[PDB]
C-alpha cells in the first residue's frame, strides 16, 4: 500500500444541527448586512421553511431571489448576479438543496469577478482565478451533496448543454443549518438520490488506489454502512427523526474534505455522469447509479484491492476468487441503488446509447479525456463504460 500524501485541510463551516436549529441562525448573520435569501422552485414556500427563515431574520435588511432549479443554470443565476451588484448585497443565505447552495456559491463569486469578464469563465477555469466572494451561509433542505460544508459547486449553461464544476475556498459557507425535520417533506425520488450521491461521494474517495490510511478507510466504510442501513429506512419511515438525522449527517461527512484528505480520488463516475445530466436531463444521482457499476467492472483491476476491502467491510463478502467477490460487490451495489428506486441502465430512462458518440464529444470539449485516479480513462474507455451501462 502507498502512503498518505501531504495535505492541507481546512473545514471552517459552522454546523448548527438538529430539530429547531434555525434558532441559532440570526446570531450568525452580521446585523448590518444586506441579506439576499436564495431559494429553489418553490417547495420552501409550500413547507413553511422559507417563512421560518424570514421570521428568524425579522427586522433585518433582507431581499429574496427564488427560482434556482435542479442543476442550477447560469441563465438563472445571472439574474441574481445583476441584482446582487445593483442592490449591494453583502451576505447570501441559501435555502434549499445542493442546486440552491451551488447556484449561490456561483452568485457569491460572480458578483466579485472582474466586471468585463463573463463569469462563466469561473467554470472554464474551475474557479482557480476567484480571489474573493460574498460570504454565505445555508439552510439545507436536502441531504445529498455535502455542499453545505464544502468549497465546490456544479453549474450548468443550459443554452449550450454544459454542466461543469468549480472549486474555491472563498465559496465555502460560513455556516450551515442542518435540521433533519426539514427533510421529511422530500419526495422519495430525492431521498433516494441523496443516499446514492452520498454513497458515491464516499466511494470516489475510498474505492481507489490502496493507501494505508486506516482512519480514512474506517470513516468511509462507516458512512457506507450507515447509508445501507438507514437509507432504505428513510423511504419506509420518512418522519423517523433518528433515521433522517443519520442520513443527513452521513451526507455532510461524505464530502467535507475529511475522508479524501491526502488520498487518491477518482471522480470519473461523476464526470461521465455530468454529461448524461447535461444532454438528457437525468437527475445527478441517476447518472451515478448508471455509470458506477459499469465503471467498477471496467476498472476492477486497478481498483482490485479496495473493491475487495469494500466487499468485505461494507457487504460482508469474503468467499470465492477475487473476481467472484468483486462481481458480488458490484451486484450488491447495483441492487442497493435499484431497491432505493434508482435504476442502473440507460435503457431504464429510455436512452438506447445512440447518444454515446455525442457524450464523448462533450467529454473531449470539457477536457475529460484522461479520467480516474490513474488518469487512464480515455475516450475509448469512457465509450466502453457508457456502452456497458446501456
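Residue numbers count along the first chain shown, from 1.
Of the two stretches examined, 121-129 and 91-99, the record assigns the greater average C-alpha temperature factor to 121-129. For the pair 78-86 and 170-178, the mean Cα B-factor is higher in 78-86. Looking only at 203, 142, 307, 211, the residue with the top Cα B factor in the deposited structure is 211. Listed residues 272, 295, 110, 227 were ranked by CA B-factor as deposited; 110 comes out on top. Among the modelled residues of its chain, residue 104 has a C-alpha B-factor that falls in the middle third according to the deposited record. Sort the chain's modelled residues by C-alpha temperature factor and residue 317 lands in the highest third, per the entry.
Ranked against the other modelled residues of its chain, the C-alpha B-factor of residue 135 as given in the entry falls in the highest third. In this PDB entry, residue 29 carries a Cα temperature factor that places it within the highest third of its chain's modelled residues. Ranked by Cα temperature factor within the chain, residue 347 sits in the middle third according to the deposited record.
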